There are 6 protein chains.
Amino acid sequence: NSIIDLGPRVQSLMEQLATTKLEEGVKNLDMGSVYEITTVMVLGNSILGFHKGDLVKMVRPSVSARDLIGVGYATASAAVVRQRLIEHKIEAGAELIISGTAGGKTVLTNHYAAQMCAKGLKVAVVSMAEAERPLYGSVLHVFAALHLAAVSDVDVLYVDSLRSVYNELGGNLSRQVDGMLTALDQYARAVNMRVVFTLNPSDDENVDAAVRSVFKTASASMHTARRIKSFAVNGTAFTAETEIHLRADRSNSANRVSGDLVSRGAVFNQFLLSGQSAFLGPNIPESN
Amino acid sequence: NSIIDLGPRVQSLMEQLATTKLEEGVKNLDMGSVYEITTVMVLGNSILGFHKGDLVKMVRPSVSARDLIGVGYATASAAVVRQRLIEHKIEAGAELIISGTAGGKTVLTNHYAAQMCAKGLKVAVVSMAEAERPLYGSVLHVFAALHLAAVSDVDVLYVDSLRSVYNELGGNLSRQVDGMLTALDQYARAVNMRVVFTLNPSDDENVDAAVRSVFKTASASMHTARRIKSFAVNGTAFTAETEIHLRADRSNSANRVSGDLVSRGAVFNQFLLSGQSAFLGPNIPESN
Amino acid sequence: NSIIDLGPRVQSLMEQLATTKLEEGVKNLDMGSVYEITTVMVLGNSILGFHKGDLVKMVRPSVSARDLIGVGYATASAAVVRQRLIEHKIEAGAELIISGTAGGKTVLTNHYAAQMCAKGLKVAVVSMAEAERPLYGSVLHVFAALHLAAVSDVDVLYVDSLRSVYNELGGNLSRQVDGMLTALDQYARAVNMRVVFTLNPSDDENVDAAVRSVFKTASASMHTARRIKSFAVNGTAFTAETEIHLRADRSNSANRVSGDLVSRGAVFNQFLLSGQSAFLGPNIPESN
Amino acid sequence: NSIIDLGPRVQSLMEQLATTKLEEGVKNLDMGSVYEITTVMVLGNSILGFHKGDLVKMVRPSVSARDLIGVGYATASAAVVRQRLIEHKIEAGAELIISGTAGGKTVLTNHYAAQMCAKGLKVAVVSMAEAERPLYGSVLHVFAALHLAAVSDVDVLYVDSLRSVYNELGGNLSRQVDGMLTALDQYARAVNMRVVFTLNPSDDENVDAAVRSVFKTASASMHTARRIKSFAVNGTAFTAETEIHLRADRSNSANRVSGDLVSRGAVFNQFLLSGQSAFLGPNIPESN
Amino acid sequence: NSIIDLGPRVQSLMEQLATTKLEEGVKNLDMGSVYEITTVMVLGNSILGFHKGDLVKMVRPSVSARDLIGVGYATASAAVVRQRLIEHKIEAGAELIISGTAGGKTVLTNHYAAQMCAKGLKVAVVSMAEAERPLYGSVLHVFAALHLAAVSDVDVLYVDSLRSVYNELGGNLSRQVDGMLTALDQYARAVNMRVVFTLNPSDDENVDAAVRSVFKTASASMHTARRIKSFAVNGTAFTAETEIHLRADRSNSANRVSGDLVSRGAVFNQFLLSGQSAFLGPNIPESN
Amino acid sequence: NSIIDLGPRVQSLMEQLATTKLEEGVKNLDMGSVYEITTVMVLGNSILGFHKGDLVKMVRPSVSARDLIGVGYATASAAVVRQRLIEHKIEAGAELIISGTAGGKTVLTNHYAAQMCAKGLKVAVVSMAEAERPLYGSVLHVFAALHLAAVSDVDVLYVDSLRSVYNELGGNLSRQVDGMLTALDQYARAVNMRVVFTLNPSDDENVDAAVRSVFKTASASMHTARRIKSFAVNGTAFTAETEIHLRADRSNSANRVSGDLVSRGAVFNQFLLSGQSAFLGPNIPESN
């Protein structure tokens, strides 16, 4: 039992979405058949629906997706059960590991992932919107990874990081940030998955002021809000002081955490050779 | 007799509006046949009309809906009578429960709803634009809920909250806020319903300064304006000092309030499998 | 002899303009046959012409209506005579009743209207852009009301208020405000009607500074400029100190005013049931 | 011999431009046959050409009119001679009568016009962008008046005022103002006409600071720049201290000026009754 | 031997570009056959190519011209030789005569032009973006003049001024200014011409601060950068202190300069009479 | 063995991309057959794919390229080996030579290139976004040069400079800068090439503050980050103090560096003569 990296699976899915008319849909996919989940997300004014491993199709409704459905949700029939989450008494929902100038956001994610993997849980980690990682970390990349994990036999998913999503919703210039964090927790509950998100507002002017106000938001919207107060590396080993919030505890708690340093094109080429290249027409490409 | 939650009914209606050409209309609906009401709202420059349980259709007039009709209204023939509102001497119109840093906006809404339900009134509550709630809380979601309650046997409707509507009209950067609050009260009178709205400008920079100026606006535009001055939780029990305005009293009144803590996908999947996906054409999707 | 309320007549006209292609025009109307007046207004870059009770049609000229015609005017053939205005020696033109923090804008309008009605004049009052009033108060709603009164046997028209028109032209962030106030006075003279407009820049940051600069503008552009300096309610009775300007008096005059408190869907449903719904095509809906 | 008012002639020409496809052109006009002049102006990215009394046609070039031709010019073949300007030794070119808080811009224009009319010159005056005047005063209205006077037997033209043109080019928030003032002087020379323009930046925040910088600009770009320093009315009579610049005098001169107070729909209706109403198509209406 | 003025030749070329579909091209031109040069410039996202006297055609590539080609260049086959530039040892490249509050930009240009004309060089001068001059001075007007001189027997070209080009690239609110100045020098070298440009940031808020930073930019990008430090007129005669930079001299040098005051529609009418007027279609007119 | 300049090869490729419909693609190219690499980049919402010497084709996906793929990557099958990089123990990846007010960015690039060329490596240098250089330096020009070097027998590529790319992503007004620097390093690793980038934020207001924050970013995202602290020229010879970062060294190191001063249209004309000119249609030209 080891941690599965969804990054390449998300990358190759983005390669397939770039080569076809999404209104017609991308059929004969193999995203996962373990759970019968349907992810519905907003891409600007368009809706992009991920059918449970069958298909991914886009719709352009007469009215904006922002008014109609907001951010995005997950629907499942008949049901979704994560037997191992019950076994290990791990509640479904979203967690936010947030750090400022102290850093150690990625280190702690790797620590908690390997720890969860050791306990017998099926752990998945997606790398995005950070240095040395190929995924740009867009809202589409988060929902693609979320769906890929949801429909598959994944119990705990680690999304590192939401840096691009935060910037995309103009978090560096917030209602939109709240709606996103609520939707991500709502999603994790509906899919009955434990999703652990990470964020460092390093693109923001006042990094630490953004950390406290985002942590206060995360505390209300998400199941767990974890703030890295301090972080120090000692060769292989690390140690970090953490502030943790669990809804609905009106009391916050300090939580020390230490351990060892745990470390983590065929589709497009095929298109280029065959002219199958205007599949948008009069509608401008949408972006969330 | 218990409180009915309109949230899922609004959610499934949004699912049907996202899957069809609204110019043609969404027919064979079952919104309600108790009252013969027609809701007419603005979505950008478009008009979205809710026929009384028959149908929901959109029009794209030659001139903007903003100039033509402004926000939105309700028309009814022949008449609308809420016998229980006369019985319990409850005047039709809109109420605004507004709070700042003190909070307790949701708690008081739940308190007043259960209290109204106990008196024998048909109470409906719609959850939106807040943490742990699926509805994003758009203007469309407010008018959808308003119509669903209007055409049904609902005497008192609780809309918690207008946080997204407030942000949508740029209340965080107001004439547009005034027009909305007036239209909502005008609607509640035309439909002969008691609609109780809630707001907390928590996305605003100066929260308490926004509370006083919105409360002053609400006092003129709506039947009742309720400002939560203070709020404290004592285990199960709560207590709050409230400032209340009733038009046209040139005198405001303090009003103490205490009690116990009262607590509150098939359509889209069917579309994804069948290519029925450009139903907008040359006109850009509208948003209010 | 009593005051006629044009509000519902304007509302039902807006209902007819929302349901048809205005390029083709709205025929078989009954706006009024007393005077042969034609109202020509600008809606963005489009021109909306009101024929004298026959018809209302829109044109989309090759060049902007803003360059071509500016705001709006009235043309009449052969002539327009208001016999009662001569009888009571009331000059045709526009008047602006403006107030700040003192208020009493609506009270004085009701006072002057009932007073004019008592003298034997045919008085019409249109309610817009204010609390408890259905009309949103757009530029289209002002010109609709102006034309409806113009073609009918109306001698004095009271437009309360221009709050939305002021905001529409960005008066809260002015050349556009000047052009509007001049056009409204020019209109009232061309139609040979006494139109009394009201304004309170309550949406403006510095309300009283806006009052003095708008009153100075009104003094030059309009026949009468009335500034409510003070206002106090004494049960039924009211009293207000007023500053009045008449062009071209280089001297202003104080004017005390006291008295008693005087108080003031079938078309759309028919459309919804019959698919007659894209009547704009490639041209975006215009807004002034 | 009296002063001719071009205002109504400009108004009725705007009525004809609003009712036809300008790409096809407005033929069988009678603007004037005295001189063989062609006015070429910019309306956004479009070019609107006035043939010498024959015709007015619009072109939509592949590239913007702003890059291609800038503001506007006049071309004439074979030649244009104003015999009376030689007789009375009046140089062709543009003059700018500018005033601030002192006012008396209109009074002096009326004084100089009647004075020029007395000397035997053919004087024309166009009223625009000011109170009690129907013309909105757009760039199109200036060039329409300029052409109508140019092709006719007019020696001196008074354009009161350029207030709207100044606001249109964003003079109240300048290169665009310079280009306009240079083009207007260049035009008057090419047409061999004496055009006297007037301006009061009363819509500007700091009125007097705008007066000095616009007067400094006018001094370089135009033949004569006249700044009204002071102005006072004494019943019928007036007196004003004036600063005058003539290029290329490196010395300015004071110039006292006193005297008496000198004072100054069928086409559209025909269209409304006959559906001749989309004549723009895919190109958005242009505005300068 | 005298100085040739390209202004009218540029003006009549702009008249031909405004009357045809540039995608088809403007054929049978007589721009010059002395040198086989092709000017390629950017007009927004479009590319406007000037073939060497044959033709001027525009292309609308799938991707923006800004990404593809940046500003503009010149290509020549087989070769371009200016025998007189070798004779008089004048290096090919661009020169920038820049002045602030001191002025004398035009005077020095006229002085250096007549001086170059006296030495036996073929001198051309184009007048633009300044008072008493018909050309508006756009980027298109600069490249039109550059090409007309390039293909003709011109050794030294004087472009007075780049005031409009500077404003066009938002120099008054810079990377875009740098790219333009580099492209103009690159052009002059490729065409083997001596082009002398002039600029006065008189539309800028802080004129002299803009002079020093533009002179520092010009020093790196162009062959010669000439800053007019002081300037004084003494009747006919003038004198000016100048700072001069030649790349790559670390050291700047002062350079005194004195002397005498040297002083400097058929196509469109033909179109108006013949309907040949939509030649753009769905693509919006481009502007640089 | 000498340094190859890719500038003209990039220039002639841009000439071919400007003359055809990129949706159809540009076939029969000879970019390089040494390595089987495919470059995939984003141009606004469009994707521009460079097949390994065969072809360059553009796609316009239903959803934005920014959400789908972010910046750009390289895919290669079966494999890419740079035997000389192993021989000389030079790791594949991106390097950033950054300087502020000290300069000497170009001098050091020329020094390191000639040094690498002496060691036996195949060195390529592309000149862009700087004075005396024809390439404007856009994102397209960087990826064009990157691909041309990648598919060819190039071991070390010097891109001088990223000044335009930095401005293009709004670095002078950052998440977008981070994503670009990460993608460029990711690219260099995937292609197994040593790419050395250069930057001087000379268009930025505070040049040196931008240098420290970009160097801190480069330190995390790229293999090597080189900051020029000081630089002085002594005739032929130069000397510079440098701060160098190698990931993942938590210690920075000073590094002195001295040496001698080392110094560095047919396709378009063919198009102009033959009308092959609307190849975009309804989709607006994209720009990154």
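Thresholds, definitions, all that
- Residues numbered from 1 in each chain as written, not as in the entry; some residues may be left out.
- Chains lettered and ligands numbered in written order.
- Heavy atoms only, no water.
- Least-squares fit on C-alpha atoms.
- Contact = heavy atoms within 4.5 Å.
- Salt bridge = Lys/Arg side-chain N within 4 Å of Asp/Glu carboxyl O.
- Helix = DSSP H or I, 4+ residues; strand = E, 2+ residues; numbered from the N terminus.
- Nonpolar A, V, L, I, M, F, W, Y, C, P; charged D, E, K, R; others polar.
- Polar contact = N/O pair within 3.5 Å; in protein donor to acceptor, adjacent residues only side chain to side chain.
- Axes fitted to C-alpha atoms, helices over the stretch in contact; angles between N-to-C directions.
- Left-handed = near helix turned anticlockwise from the far one by under 90°.
- Buried area = accessible area lost by both parts, 1.4 Å probe.

The PDB entry annotates chain A as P4 originating from Pseudomonas phage phi8.

(A) The arrangement of the relation of the copies chain E and chain D in detail. With an RMSD of 0.0 Å, the operation that places chain E on chain D is a rotation of 60° combined with a shift of 0.0 Å along the axis. What the rotation and shift describe, once combined, is the action of a six-fold rotation axis. Ranked by how close their C-alpha atoms come to the rotation axis, the residues of chain E are headed by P282 of chain E, at 6.7 Å. Of the residues that chain E buries at the interface, just 7% are likewise interface residues in chain D, meaning the two copies contact each other through different surfaces.

(B) Looking closely at the interface of chain E and chain D. Each partner contributes to the interface: chain E provides 42 residues, whereas chain D provides 37 residues. Between the two partners, chain E and chain D, sit two salt bridges. The partner of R247 of chain D in a salt bridge is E132 of chain E, and the shortest N-O contact between them spans 3.9 Å. At the level of secondary structure, the elements contributing two or more residues to the side of chain E that touches chain D comprise helix 1 (7-17), helix 5 (139-151), helix 6 (163-168) and helix 9 (266-272) of chain E. When its residues are assigned to classes, the side of chain E that touches chain D shows 18 nonpolar, 13 polar and eleven charged.

(C) Expanded view of the side chain of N110 of chain F. Residue and element names in this part refer to chain F. For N110, the location among the structural elements is in helix 4 (residues 105-118). For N110, the side chain forms a polar contact with the side chain of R264, separated by 2.8 Å. If we ignore the near neighbours within four places in the chain, the residues touching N110 are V262 and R264.

(D) Fine view of the packing of helix 1 (residues 7-17) of chain C against helix 5 (residues 139-151) of chain C. Residue and element names in this part refer to chain C. Two elements in contact, helix 1 and helix 5, have axes separated by 10 Å at closest approach and are oriented at 115°. Between helix 1 and helix 5 lies a crossing whose hand is right-handed. Contacts from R9, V10, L13, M14 and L17 in helix 1 reach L140, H141, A144, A145 and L148 in helix 5. Class assignment of the residues belonging to the contact of helix 1 with helix 5 gives a composition of eight nonpolar, one polar and one charged.

(E) Summary view of the arrangement of the chains. Where chain A comes nearest to chain C, the C-alpha atoms are still 12 Å apart, and the two do not contact one another. Without any contact between them, chain A and chain E keep their closest C-alpha atoms 11 Å apart.

(F) Representation of the interface of chain E and chain F within the structure. Contact with chain E, which involves 37 residues of that partner, is made by 42 residues of chain F. The junction of chain E with chain F conceals about 3200 Å² of combined surface from both sides, 57% of it contributed by carbon and sulfur atoms. The interface formed by chain E and chain F contains two salt bridges. In this structure, the salt-bridge partner of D178 of chain E is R163 of chain F, at a minimum N-O distance of 3.5 Å. Linking chain E with chain F are 20 residue pairs in polar contact. Those elements that provide at least two residues to the side of chain E that touches chain F are strand 3 (37-43), strand 4 (46-50), strand 5 (55-59), helix 2 (65-68), strand 6 (72-76), helix 7 (175-190) and helix 8 (207-221) of chain E. The greatest single-element share of the side of chain E that touches chain F, amounting to six residues, is contributed by helix 7 of chain E. Class assignment for the residues of the side of chain E that touches chain F results in 13 nonpolar, 15 polar and nine charged.

(G) Structural view of the relation of the copies chain E and chain F. Mapping chain E onto chain F calls for a screw motion: a turn of 60° about the axis and a shift of 0.0 Å along it, with 0.0 Å RMSD after fitting. Comparing interface residues between copies, only 8% of those in chain E also sit at the interface in chain F, which points to a heterologous contact through distinct surfaces.

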